[PDB]
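Colleague: Got a structure for you, start-v3.pdb, holding PDB, C-alpha atoms.
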ATOM      1  CA  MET A   1      -0.788  55.433 132.153  1.00  0.00           C
ATOM      2  CA  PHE A   2      -4.328  54.099 132.276  1.00  0.00           C
ATOM      3  CA  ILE A   3      -6.940  54.717 129.607  1.00  0.00           C
ATOM      4  CA  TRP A   4      -9.828  57.164 129.545  1.00  0.00           C
ATOM      5  CA  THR A   5     -11.371  55.793 126.373  1.00  0.00           C
ATOM      6  CA  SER A   6     -12.537  52.216 125.955  1.00  0.00           C
ATOM      7  CA  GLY A   7     -11.738  49.662 123.279  1.00  0.00           C
ATOM      8  CA  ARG A   8      -9.240  47.096 124.503  1.00  0.00           C
ATOM      9  CA  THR A   9      -7.618  45.246 121.627  1.00  0.00           C
ATOM     10  CA  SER A  10      -5.469  42.166 121.155  1.00  0.00           C
ATOM     11  CA  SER A  11      -1.897  41.783 122.347  1.00  0.00           C
ATOM     12  CA  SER A  12       0.440  41.824 119.370  1.00  0.00           C
ATOM     13  CA  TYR A  13       2.939  43.349 121.770  1.00  0.00           C
ATOM     14  CA  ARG A  14       3.867  40.609 124.210  1.00  0.00           C
ATOM     15  CA  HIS A  15       2.669  37.723 122.074  1.00  0.00           C
ATOM     16  CA  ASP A  16       4.816  38.093 118.979  1.00  0.00           C
ATOM     17  CA  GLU A  17       8.305  36.869 119.789  1.00  0.00           C
ATOM     18  CA  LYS A  18       9.888  39.025 117.111  1.00  0.00           C
ATOM     19  CA  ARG A  19       8.369  41.954 118.965  1.00  0.00           C
ATOM     20  CA  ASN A  20      10.456  41.389 122.072  1.00  0.00           C
ATOM     21  CA  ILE A  21      13.773  40.872 120.321  1.00  0.00           C
ATOM     22  CA  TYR A  22      14.688  44.509 119.809  1.00  0.00           C
ATOM     23  CA  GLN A  23      15.273  44.884 123.529  1.00  0.00           C
ATOM     24  CA  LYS A  24      17.514  41.857 123.152  1.00  0.00           C
ATOM     25  CA  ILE A  25      19.957  42.938 120.471  1.00  0.00           C
ATOM     26  CA  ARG A  26      20.205  46.295 122.203  1.00  0.00           C
ATOM     27  CA  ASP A  27      21.198  44.269 125.242  1.00  0.00           C
ATOM     28  CA  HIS A  28      24.055  42.860 123.196  1.00  0.00           C
ATOM     29  CA  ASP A  29      25.205  46.362 122.336  1.00  0.00           C
ATOM     30  CA  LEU A  30      25.674  47.100 126.019  1.00  0.00           C
ATOM     31  CA  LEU A  31      28.729  44.910 125.579  1.00  0.00           C
ATOM     32  CA  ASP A  32      29.773  46.773 122.454  1.00  0.00           C
ATOM     33  CA  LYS A  33      30.687  49.944 124.306  1.00  0.00           C
ATOM     34  CA  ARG A  34      34.161  48.448 124.163  1.00  0.00           C
ATOM     35  CA  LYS A  35      33.813  47.103 120.643  1.00  0.00           C
ATOM     36  CA  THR A  36      34.254  49.303 117.595  1.00  0.00           C
ATOM     37  CA  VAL A  37      32.004  52.315 117.158  1.00  0.00           C
ATOM     38  CA  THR A  38      28.706  52.212 115.302  1.00  0.00           C
ATOM     39  CA  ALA A  39      28.717  50.539 111.907  1.00  0.00           C
ATOM     40  CA  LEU A  40      26.405  49.080 109.290  1.00  0.00           C
ATOM     41  CA  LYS A  41      23.199  50.985 109.940  1.00  0.00           C
ATOM     42  CA  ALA A  42      19.764  49.403 109.794  1.00  0.00           C
ATOM     43  CA  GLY A  43      16.189  50.639 109.650  1.00  0.00           C
ATOM     44  CA  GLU A  44      13.932  50.249 106.636  1.00  0.00           C
ATOM     45  CA  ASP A  45      14.660  49.500 102.998  1.00  0.00           C
TER      46      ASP A  45
END
Any chance you could put this one into structure tokens?
Modeller:
Amino acid sequence: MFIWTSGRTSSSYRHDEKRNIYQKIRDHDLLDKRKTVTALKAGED
């Protein structure tokens, strides 16, 4: 979806390496479907 406004900013989305890791771990879960069910939650604090 394009933009109607105007005020392009910096990356901070593709740059940061720790910003493109989430899609990684989740990729490791795809192989957990067989492993035990959910466990040890994680979010904030």
Colleague: What is the CA of residue 43 in chain A to CA of residue 12 in chain A distance in Å?
Modeller: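 One can read the CA of residue 43 in chain A to CA of residue 12 in chain A distance as 20.5 Å.
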Colleague: Between CA of residue 40 in chain A and CA of residue 22 in chain A, what is the distance, to one decimal in Å?
Modeller: 16.4 Å
Colleague: Hey, can you check how far CA of residue 37 in chain A sits from CA of residue 23 in chain A?
Modeller: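 Straight-line distance from CA of residue 37 in chain A to CA of residue 23 in chain A works out to 19.4 Å.
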